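Provided herewith is a single structure, encoded as structure tokens, for subsequent inquiry.
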């Protein structure tokens, strides 16, 4: 009816949005019930990066974490993956969109990071960009630990070690189940005949720099065995040195 | 007493800066360069000009 | 005209020598030279690498 | 009558962090109390503003909400867990809470009995 | 290779605008008599979701809701 | 859930995984 043509009009507005105030019908989108229909009327695939930054701003600011999760999984993350794949870098507006999406961390981890990791096709540039984005944002310890348990339990991809390492650089107090999952993942790399890159070695090195004081002696010797079986000419002496000069408790 | 020591440290950093870069001077943006370097000219060659 | 003296030597920045562990001398140095060239030999298909070969 | 009130209260607080059942501070502890989804109220005796304490007392006495009084707000902030910890577990951020409101309980058989006995002794 | 000099240049950006700090904003919401009766100075929001907790910004002529933007006269 | 466990030294928070 009359609502449909107004939302076609604001669809035409959002396809060319650069700056300024948006219509007030756009800002009351989360307060409505049938949001998916009017959102598909607004055609988010044809949005401008500034318009999607404002949409992420609005949707993150208005509570209801499940709906923010659905918006991040359905609209924001495909746009990010399409922009990295074609432009080989992330836009300024979309970068601040992902930061304002990390304003809501619970919908972010379960909507942006974990679906990207379980998609399997996550490239290295996407890993670097998203890891820098989680590096900039201060993250709650519970959400970071749950995401680290998630990424530890998953099947390995080369992009996963960057996320794991940049989560270990946060230097938070770690739950001991999380460290058990990390050690079990690395000891799951014990019998792999695949050549592992320097990224995996750097993730292990980071785990030994920051959490060597909270490692049991049995898993310490297991990590020494791990270094023995899967060596590197450069990093493995340093990981061995850091494991040798560690005090527990 | 410490003013002389501060002068010695800025002398040290000036000597270090003038060894890495021979006669490099930053142009001031508050006054014009043609006024602050009013007495300066350019030589095509330091040998023949 | 021209004829500077000690131009480049006075121009080059002074880099101090790093403090390193001393070298062995005499029979020990010859022992280390022998154990490096004839004992722990790594097989090579064509042997195109020198002792000071870098990159 | 086995363990004291000052361990049962922190057990109730721990179950509340587990079940996400604390309105802490000044205004979440007030607005969630006024929505009557809340159960218990805790006030720090060490205070700078007296009619704030009077307002909390009036909010408690409006609908028979029980009031608990603790001495210092920094001790209550340590009790709640508003302190950032290191790898060893050493607190480095000292933030004190004044009004702590328990909305949801954990199903306890020891601390709940102790606080119920203390409440039946109080009123 | 050939490095650069890194021209410094001083530009004072210390002065930045921030919003004013309001201290103890809860005290003006309620007025309590000496007996202990609570009087609500500010209008309660009769909205769908934010009821019984959200007050009104009291304008010179009207009231404003701070979560769903409800306007009165 | 793994088999090699924390052994000793304190439990600060229980963590919510569910």
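The letters A, B, C, D, E and F name the chains in turn, as written, and every chain counts its residues from 1.
By our rule, a contact is a pair of C-beta atoms (placed from the backbone, for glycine too) under 8 Å apart; a residue touches a chain by one contact, two chains touch by 3 or more.
Per UniProt, the chains are D = Small ribosomal subunit protein eS12.
Asks: Hey, which chain is the most central one here, using CA centres?
Replies: A
Asks: Give, as an integer number of Å, the spacing between the C-alpha centres of chain C and chain A.
Replies: That pair's centroid distance is 48 Å.
Asks: Centre to centre, by mean C-alpha position, how many angstrom separate chain D and chain F?
Replies: Taking the mean C-alpha position of each chain, the two centres sit 26 Å apart.
Asks: Distance-wise, how many Å sit between the C-alpha centres of chain B and chain C, to the nearest whole number?
Replies: 40
Asks: Could you grab the centroid distance between chain A and chain D? Build each centroid from C-alpha atoms only and quote it in angstrom.
Replies: Their C-alpha centroids are separated by 36 Å.
Asks: If you look at chain D, which of its residues touch at least two other chains?
Replies: Each of 85, 89 in chain D touches at least two other chains.
Asks: Where do chains touch, given as pairs?
Replies: All touching pairs, sorted by chain label, are A-D, A-F, B-C, B-E, D-E, D-F.
Asks: Which chain A residues qualify as touching chain D in the complex?
Replies: For chain A paired with chain D, touching residues are 171, 173-174, 210-211, 213-214, 249.
Asks: Hey, which residues of chain D end up touching chain F in the complex?
Replies: Spelled out, the residues of chain D in touch with chain F are 17-18, 20, 81, 85, 89.
Asks: Along chain F, where are the residues that touch chain D in the complex?
Replies: Going through chain F, the ones touching chain D are 10, 12-14, 16.
Asks: Within the complex, which stretch of chain D touches chain E?
Replies: These residues of chain D touch chain E: 26-27, 30-32, 34-35, 49, 51-52, 54-55, 57-59, 61-62.
Asks: Name, in rising order, each residue of chain E that touches chain B in their complex.
Replies: Touching chain B: residues 3, 5, 7-9 of chain E.
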